[PDB]
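This document opens with one chain alone, in structure tokens, the form deposited in one PDB entry.
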């Protein structure tokens, strides 16, 4: 459960938030594979509730109605097609598994679902699964409202409804089998792993029982005995009775402290500085690197919908975001997940965005296709951060330095730091309000290297900044606090 099952050489996965299966299949062949991406995290592929008030919000996909591969992203055929095409090109697929609950208890009964399946939240009836009142822990929850009221009580956090969402009785073998049946269907189709959504709201023991019912990966693409990659979405910022270490026996865990702290440091909040990132990782109280799934932002907290708060950096903070993602991709800690979003009409009223529910670009509810512009960027409101030169090139940077140790650290006691990865890579950052100009030891072989942030290595030449490393590995770096991108990165594969 701890290995991503990515092809040797690929070290990152990208979350193609709300993308259609057909668009992802194309992206796998035309960009992800050639650019060295390891895999893709997809939005929940199972039938969810269709909400028209607000109009088709992004969170409607977190309210399951059944386990039918029928959503706004596509049907089972298109989904199968996407997994096959991506797998055939070396790009894995990871599914966001929503197994802690079903839809809201206050949702209207009827056929307002993405595939027409009938459901009755009030009577706890989900015939398409099927599930009934006996499969929920309404009689197990001990709070007066039936919802989670206090997170200081690990019990109610697991047996009660998360903001009204009907809570599945995961201790029952029947429920465990129905969920495994859904996950095994996906595994036999070709998916390499899963993201267990709302894992904090499930008992580590119940998760284990389910995982024990899962098949090995499809022997047509993976070696015999391959187990699905598992990363549990646990929001643990400390101070709670529930700890993400309690889930180590099931697989990896999402480290939400990673993005939150990285945001405050890059933003220079609370007097924090980049020079403090010297012992970044476990030294900061994070989970062990071999159990961590890291990211700068996620679909939740990028819209103030998740842990991290106002410190979280997103595509809206383009300049600082690129630097944050760059540091993450260059640093050896954990397995990295890159975010890919869409734009929405942010509208802050009282310091709050009242349009944080807006779903993906669409035409009367039908998700718009991902169009590629002549400059490789995207249109139709898709941000496509994974296509940004600075991010795409750093994804490759991580692949090239995979396995290399962290060394040659340098910092000016403020916000000007630099470090390398063995003898395969070097990166420099300038987040101070003044220019940076100094000769640093890169530990790199002599030669001329192309800066992969400002440019590219094309046809035995660089389109951006060029760095000259001497015989003793020293090189001069010059970064003005006015540069579009305040950081420079070079590696073995960007050498001329």
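Residue numbers count along the first chain shown, from 1.
The discussion below concerns the form deposited with a small molecule bound, not included here.
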| property | result |
| --- | --- |
| Proximity to the small molecule in the deposited complex (heavy atom, within 4.5 Å), stretch among 394 to 402, 414 to 422, 182 to 190, 233 to 241 | 233 to 241 |
| Contact label in the deposited complex: residue 151 to the small molecule, heavy atom within 4.5 Å | yes |
| Distance check, residue 162 to the small molecule in the deposited complex, heavy atom within 4.5 Å | yes |
